[PDB]
Each structure stands twice: as C-alpha cells, then as structure tokens.
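Colleague: First piece of the complex, coordinates kept as in the full assembly:
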Amino acid sequence: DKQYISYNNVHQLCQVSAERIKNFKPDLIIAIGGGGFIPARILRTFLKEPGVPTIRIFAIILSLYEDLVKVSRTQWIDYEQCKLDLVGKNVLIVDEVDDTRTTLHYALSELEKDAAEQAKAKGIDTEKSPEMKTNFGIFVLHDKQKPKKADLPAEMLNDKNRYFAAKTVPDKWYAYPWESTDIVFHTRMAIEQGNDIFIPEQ
C-alpha cells in the first residue's frame, strides 16, 4: 500500500524531530545519499541558532555488494581536506528510511572505523581517554516495523536520544516527494492519505 509523502510532510517531520535531536547536541551531520541529504538540510534549518555557526552536512555514498556483504566507499569524506575531526564529536547520521537496516548498519560501522583511526593518529587512547570518543546518532524520517536484516548497537537503538525516527511505520513502500515525476499527483495522493501537514500555521 504505497504511501505518498508530500514535501510539507517531510518538512514538519523534520520540525518535530529537531526538538528531540537538540538533546543529542549534534556537532555535524553525515547524510547517506541524496535521500538522506534533503531531510538533513531541512533539519539544519530547525537546529540553527542565531549567532551560532551552522552545522556542517557531509554527503556520503555507500555501495554494498554480495560477499562470495561487501562494502565500497563510493563517495566518502576527505577528513583532512575538510578539516573534519570526529574526535569528541556528536555525529548525526541521516537517512530517509530504515527498511532492513542494512545501510545504516554498514554506514555506522564504516564511520566508526574512521573515528577510531583518527583518535589513534592523534596519539589519543579512547580507553584511557573515554571523553575523546565519537558519539554517533541516527535520524530517519521513517523506521519500518519489520524484521531487520542487520543490527544497530543497543546503546543506539534503546537510547531515545541517539536513535531518532520521526515516525515508526508499517511495512509499506514510502514514496518521497523528491522521487516523483508528477508532484501534483503525488501531493494529491499525500493529502488523501493523511500524509501532508499535521501542524497548523503559527
């Protein structure tokens, strides 16, 4: 039962989620794919504080292939060039949907390798110096209620201030507005399905 989601719905999902995510105090955002970036950018509008430098967003692409799951960093982050130091940072990973969780699992896994390798380059010892550890969190618009094919750490999933889903939803296909080649039809369906705005004008 295909669920059509309007732009304004996504906007308001980000709006309400931002209030929760403030408790995580993200220092930067890493967005998975084009679908991750749009919510990430909208989120930033709601995280912005006047006089405070806007939170940086980094786009990454992960490709996963059948093993004999193999992971390829199709588009990654040049931490040195960007002067991005993950040590002692709160990092929010953003994607539009958590379906089987495979993508989020391997993205987190890869980013943890980056952080560990940086904390070692600095002659930092994350065991002796725990406060230099990187704190990862996740934000998705939709977390599907279904058997997952991959896990996420318990301290992530079971911490309401680390794993953030705007909505936990049935196992249905979600059609995002940026994916549509007929936004008029798409928005008409979204309104009919109750997938448009849910917060009134201020």
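Modeller: Cool, got the structure. Numbers count the residues shown, from 1 in each chain, chains lettered A, B, ... in the order given.

Colleague: Show me the strands in chain A, by range?
Modeller: Taking DSSP state E, the strands of chain A run over residues A:3-4, A:28-32, A:56-65, A:70-75, A:90-98, A:135-144, A:163-169, A:174-175.

Colleague: Which one of those strands lies nearest to residue A:202?
Modeller: strand A:163-169 (19.6 Å; Cβ to Cβ). In this view, the C-beta of every residue, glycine as well, is placed from N, C-alpha and C.

Colleague: Remind me what that closest one packs against, helices and strands.
Modeller: helix A:7-21, strand A:135-144 (3 or more Cβ pairs under 8 Å, 6 or more residues apart in numbering; DSSP states H and E).

Colleague: quick check: angle from that strand to helix A:7-21?
Modeller: On the basis of axes from the mean of the first three to the mean of the last three Cα atoms, to 10 degrees, strand A:163-169 is oriented at 140 degrees to helix A:7-21.

Colleague: Enumerate every residue touching residue A:82.
Modeller: residue A:58 (Cβ atoms under 8 Å, 6 or more residues apart in numbering).

Colleague: how much space between it and residue A:71?
Modeller: Counting by Cβ to Cβ, to the nearest Å, the separation of residue A:82 from residue A:71 is 21 Å.

Colleague: Around the residue lying closest to residue A:198 once chain neighbours are set aside, count how many other residues there are.
Modeller: Spatial nearest neighbour of residue A:198, excluding adjacent residues (Cβ to Cβ, 6 or more residues apart in numbering): residue A:12 at 6.1 Å. A count of nearby residues for residue A:12, using other Cβ atoms under 10 Å, gives 17.

Colleague: Likewise for residue A:186?
Modeller: 20.

Colleague: Wait, it touches residue A:176, no?
Modeller: No - with contacts defined as Cβ atoms under 8 Å, residue A:186 does not count as touching residue A:176, sitting 9.2 Å away.

Colleague: What are the buried residues along stretch A:190-202?
Modeller: A:190, A:195, A:196 (16 or more other Cβ atoms under 10 Å).

Colleague: contacting residues around the first one?
Modeller: With contact taken as Cβ under 8 Å, 6+ apart, residue A:190 is in contact with A:4, A:5, A:6, A:9, A:177, A:196.

Colleague: now for chain B:
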Amino acid sequence: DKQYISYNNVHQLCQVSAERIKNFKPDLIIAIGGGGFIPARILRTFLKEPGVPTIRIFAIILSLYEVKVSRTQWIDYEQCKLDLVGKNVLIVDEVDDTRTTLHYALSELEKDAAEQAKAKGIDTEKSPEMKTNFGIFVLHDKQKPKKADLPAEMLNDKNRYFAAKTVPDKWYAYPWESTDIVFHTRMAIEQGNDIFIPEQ
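Modeller: Take a look at chain B, now in place beside the chains above:
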C-alpha cells in the same frame, strides 16, 4: 518584496529545466551548499533514464572572504574515482544574485579540470574535445548589476547557462529555509509561486 517559494514550485522549476538540461547531457552534478543540493537531487529525478546508472551529485562548500577563496568542503577526486576529463559537468545553486559565488566556484573547478588533464598527459589545446565542459543551473537568476562575471561561452550559450526563471531583484525565500512551512506555502500560493503544471 519577499518572494515565498513552495516546495512544489521548486520541483516543477526543476522539471521544466530538465528538458533543457538534457541538451547539455550532464555526466555529473556539483552542488554548491545545502541550497544547491536540493534542486540538484530533484533534477536528477527528471534526468534519470531507466537502466542507466543515476547521475552522481557532489556537494561542495566555498568560503569567500573580504576576494580570498577557501575550499571549505571539496571533492576527493581520487577517492571518489571522479575524473573530470572529457566530462560535461553541471554546477547547481539555488540563486544567482551578484554572481560572485558562481564565478569562484567555476574558477576553482576549472583549476581542478586543468590539473587533471595535465596529470593525464593531455594537452587540451591539441585535444580540445578532452576539455571539461562546465554548465550552470540555478532556480533564479536575478536581473541586477552583477559583481562578478562568467565566461561569454557560458552565459550566452542557452545550452550551458540554465536559469529556471530570470527574476526581479527581490529576496527569494526557499521552502527549506522556512520555520513555518504552512505560512510559507500559503504566501507562495497567494504570490503565484506554487504549481504551474497540471497533473498527468
């Protein structure tokens, strides 16, 4: 006279612009900042051909200071296996105001292209066809005195410089910038800045 722009307006600006941009045949897109990335991603939906790998989008951030250019977030070409040689590259931003941002973005990316051509032992004078072809797409190009220029072969080629709309010198409020999307959309509708293409 602030102009409120709805999400659906942005979507349809990209839809019509894609028909023009197909003539440029972009191989990849480079999006400037968060405001560039959204139209870039929407454009990709309209450039997609089934059975053909999706066009890659790379995000960059340029900082310009009182001009001093800083590559705040750039592209690791080697890591991304991105070769600009012989490519048609579309640079995307949401707005061309004074043109300063586009001027320096193009300048910096051209340096990358030349650098990569030389590393491949390619004399672009002798083999002009291997040169990198840059194009630009913005949602709005403001009609006003510009503070920087773009190449004549860019600006005067309808198949290189693409503005969805050429507009008066007013401030454009994009939907992703809004903290009240309901007010924002109501204003956009009133202003005639919503949809302009019917359902299929």
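
Colleague: now that chain B has been added, could you go back to what packs on strand A:163-169?
Modeller: helix A:7-21, strand A:135-144 (3 or more Cβ pairs under 8 Å, 6 or more residues apart in numbering or on different chains; DSSP states H and E).

Colleague: Nearest to residue A:63, out of those?
Modeller: Closest of those to residue A:63 is strand A:135-144, at 19.5 Å (criterion: Cβ to Cβ).

Colleague: quick one: contacts of the closest one?
Modeller: Strand A:135-144 is touched from outside by A:5, A:10, A:13-14, A:17, A:21, A:24, A:26, A:39, A:43, A:89-99, A:104, A:108, A:111-112, A:152, A:156, A:161-172, A:174, with contacts defined as Cβ atoms under 8 Å, 6 or more residues apart in numbering or on different chains.

Colleague: measure residue A:111 to residue B:114 for me?
Modeller: Using Cβ to Cβ, which is the criterion applied here, residue A:111 is 33 Å from residue B:114.

Colleague: between those two, which one's more packed in?
Modeller: Set residue A:111 next to residue B:114 and count neighbours by other Cβ atoms under 10 Å in any protein chain shown: residue A:111 wins out with 20 against 16.

Colleague: does the more buried one really touch residue A:89, like I thought?
Modeller: No - applying Cβ under 8 Å as the test, residue A:111 and residue A:89 come out as separate, 10.9 Å apart.

Colleague: Kindly point out which residues are neighbours of both of these two.
Modeller: residue A:134.

Colleague: show me the contacts for whichever residue of chain A sits closest to chain B.
Modeller: As assessed by Cβ to the nearest Cβ, chain B sits closest to residue A:7 within chain A, at 3.3 Å. Residue A:7 sits next to A:177, A:178, A:187, B:6, B:7, B:8, B:11, B:175 when contact means Cβ under 8 Å, 6+ apart.

Colleague: The first one touches residue A:185, doesn't it?
Modeller: No - counting by Cβ under 8 Å, residue A:177 sits too far from residue A:185 to count as a contact (11.3 Å).

Colleague: got the contact list for the closest residue to residue A:43 other than its chain neighbours?
Modeller: Nearest non-adjacent residue to residue A:43, counting by Cβ to Cβ, 6 or more residues apart in numbering or on different chains: residue A:14, 4.8 Å away. The contact partners of residue A:14, by Cβ under 8 Å, 6+ apart, come to A:39, A:42, A:43, A:45, A:46, A:141, A:166.
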